[PDB]
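**Student:** Below are the structure tokens for one structure; questions will follow.
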Amino acid sequence: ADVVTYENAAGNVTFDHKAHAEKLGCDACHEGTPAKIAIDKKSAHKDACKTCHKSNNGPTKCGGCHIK
Ligand code: HEC
Ligand code: HEC
Ligand code: HEC
């Protein structure tokens, strides 16, 4: 799987299916069985993606995940 890119009115968000994985190892987003995790404007803001970002030397503010 390759760079998907979610295009949204608040800024596109770069779903790096490859580029994150190349460092992460799939596992990081996927407990053994990878599958289509539902992402939305709660999920992506509470814990999915966020909580890794919270506990990583990476961006966390809106305009550090959304393009602007
Ligand atoms: C966390 C940021 C991810 C990384 C890195 C990988 N995947 Fe992923 N995957 C992620 C999400 C949020 C989703 C949902 C995509 C959507 O818009 O629905 C997925 C989905 C998959 C799927 C399911 C595809 C389907 O059958 O509908 C697969 C098979 C999958 N991801 C595989 C996969 C592998 C092998 C990864 C390492 C190369 C990998 N993902 C990384 C989130 C993330
Ligand atoms: C990545 C680490 C994110 C951070 C930080 C923020 N957002 Fe986000 N947002 C993210 C994703 C993966 C998505 C998926 C698309 C969807 O519609 O849910 C979103 C989406 C939004 C949207 C919806 C835009 C639309 O066209 O309706 C909004 C309004 C939004 N995000 C706002 C938002 C704000 C204000 C943030 C800082 C508090 C913010 N997001 C951070 C991923 C990420
Ligand atoms: C850890 C398990 C992560 C998950 C889950 C997600 N991301 Fe991530 N992201 C992570 C790291 C360690 C980094 C690199 C930080 C650095 O500065 O080296 C990132 C980076 C991003 C970026 C920045 C690149 C860009 O396109 O500008 C974005 C936008 C980003 N991450 C988005 C993102 C989204 C939307 C996620 C799920 C839908 C997501 N990340 C998950 C670590 C992890």
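Order determines the names: the first chain of the structure tokens is A, the second B, and so forth; residues in each chain are numbered 1 upward, and ligands are numbered 1 upward as they are shown.
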How would you report the residues lying within 8 Å of ligand 1, as a ChimeraX atom specification, if you count only C-alpha atoms and all ligand atoms?
**Tutor:** /A:1,4,6,15-22,24-30,34-39,48-49
**Student:** Within 6 Å of ligand 2, which residues show up when you count only C-alpha atoms and all ligand atoms? List them as a list in words, please.
**Tutor:**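 I would give the residues around ligand 2 as residues 8, 9, 10, 13, 40, 41, 44, 45, 49, 50, 60, 61, 62 and 65 of chain A.
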**Student:** What gap, in Å, lies between CA of residue 52 in chain A and CA of residue 67 in chain A?
**Tutor:**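 CA of residue 52 in chain A sits 19.3 Å away from CA of residue 67 in chain A.
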**Student:** Quote the spacing between atom 15 (C, counted along the ligand's line) of ligand 3 and CA of residue 53 in chain A in Å to one decimal place.
**Tutor:** 7.9 Å
**Student:** Just checking: using only C-alpha atoms and all ligand atoms, which residue out of A:7, A:46, A:14, A:2 ends up closest to ligand 3?
**Tutor:**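 Among the listed residues, A:14 lies closest to ligand 3.
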**Student:** From chain A, collect each residue whose DSSP state is helix (DSSP H, G or I) and return the set as a PyMOL selection string.
**Tutor:** chain A and resi 21-24+27-29+43-46+50-54+62-64
**Student:** Keeping N, CA, C and O atoms, export the residues of the selection given above as a CSV table (one decimal), in the first residue's frame.
**Tutor:**
chain,number,residue,atom,x,y,z
A,21,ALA,N,5.1,3.4,7.4
A,21,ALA,CA,5.4,2.0,7.5
A,21,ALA,C,6.9,1.7,7.3
A,21,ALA,O,7.4,0.8,8.1
A,22,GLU,N,7.6,2.3,6.4
A,22,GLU,CA,9.0,2.2,6.1
A,22,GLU,C,9.9,2.3,7.4
A,22,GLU,O,10.9,1.7,7.5
A,23,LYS,N,9.4,3.1,8.3
A,23,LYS,CA,10.0,3.3,9.7
A,23,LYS,C,9.3,2.5,10.7
A,23,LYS,O,9.9,1.9,11.6
A,24,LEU,N,8.0,2.5,10.7
A,24,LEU,CA,7.1,1.9,11.7
A,24,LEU,C,7.1,0.4,11.7
A,24,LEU,O,7.4,-0.3,12.7
A,27,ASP,N,2.8,-3.0,12.0
A,27,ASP,CA,2.4,-3.4,13.3
A,27,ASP,C,2.0,-2.2,14.2
A,27,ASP,O,0.9,-2.2,14.8
A,28,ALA,N,2.8,-1.1,14.1
A,28,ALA,CA,2.6,0.2,14.8
A,28,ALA,C,1.2,0.7,14.6
A,28,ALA,O,0.7,1.5,15.4
A,29,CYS,N,0.5,0.4,13.5
A,29,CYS,CA,-0.9,0.8,13.2
A,29,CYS,C,-1.9,-0.4,13.1
A,29,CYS,O,-3.1,-0.2,12.8
A,43,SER,N,-12.2,10.2,15.6
A,43,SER,CA,-11.2,9.1,15.7
A,43,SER,C,-9.7,9.6,15.5
A,43,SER,O,-8.9,9.4,16.4
A,44,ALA,N,-9.5,10.4,14.5
A,44,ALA,CA,-8.2,10.9,14.2
A,44,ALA,C,-7.7,12.1,15.1
A,44,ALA,O,-6.6,12.5,15.0
A,45,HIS,N,-8.6,12.5,16.0
A,45,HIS,CA,-8.4,13.7,16.9
A,45,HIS,C,-8.2,13.2,18.4
A,45,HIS,O,-7.6,13.9,19.2
A,46,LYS,N,-8.9,12.1,18.7
A,46,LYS,CA,-8.8,11.5,20.1
A,46,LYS,C,-7.5,10.8,20.3
A,46,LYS,O,-6.7,11.2,21.1
A,50,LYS,N,-3.2,10.5,16.5
A,50,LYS,CA,-2.9,11.4,17.6
A,50,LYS,C,-2.1,10.8,18.7
A,50,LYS,O,-1.0,11.2,18.9
A,51,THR,N,-2.5,9.7,19.4
A,51,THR,CA,-1.8,9.2,20.6
A,51,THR,C,-0.4,8.7,20.3
A,51,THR,O,0.5,8.9,21.2
A,52,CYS,N,-0.1,8.2,19.1
A,52,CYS,CA,1.3,8.0,18.7
A,52,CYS,C,2.0,9.3,18.7
A,52,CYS,O,2.9,9.6,19.4
A,53,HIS,N,1.5,10.3,17.8
A,53,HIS,CA,2.0,11.6,17.8
A,53,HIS,C,2.2,12.3,19.2
A,53,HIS,O,3.2,13.0,19.4
A,54,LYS,N,1.3,12.1,20.1
A,54,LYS,CA,1.4,12.6,21.5
A,54,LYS,C,2.6,12.1,22.2
A,54,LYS,O,3.3,12.8,23.0
A,62,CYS,N,-3.2,21.3,14.7
A,62,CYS,CA,-4.0,21.2,13.5
A,62,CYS,C,-3.1,21.3,12.2
A,62,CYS,O,-2.9,20.4,11.5
A,63,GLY,N,-2.5,22.5,12.1
A,63,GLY,CA,-1.7,22.9,10.9
A,63,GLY,C,-0.3,22.2,10.9
A,63,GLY,O,0.6,22.7,10.2
A,64,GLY,N,-0.1,21.2,11.8
A,64,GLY,CA,1.1,20.3,11.7
A,64,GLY,C,0.6,18.9,11.2
A,64,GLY,O,1.5,18.0,11.2
**Student:** With distances taken over only C-alpha atoms and all ligand atoms, which of A:42, A:57, A:3, A:11 is nearest to ligand 3?
**Tutor:** A:57
**Student:** So the first atom is atom 35 (C, counted along the ligand's line) of ligand 3 and the second is CA of residue 12 in chain A; what is the distance between them in Å, to one decimal place?
**Tutor:**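 Answer for the atom 35 (C, counted along the ligand's line) of ligand 3 to CA of residue 12 in chain A separation: 8.8 Å.
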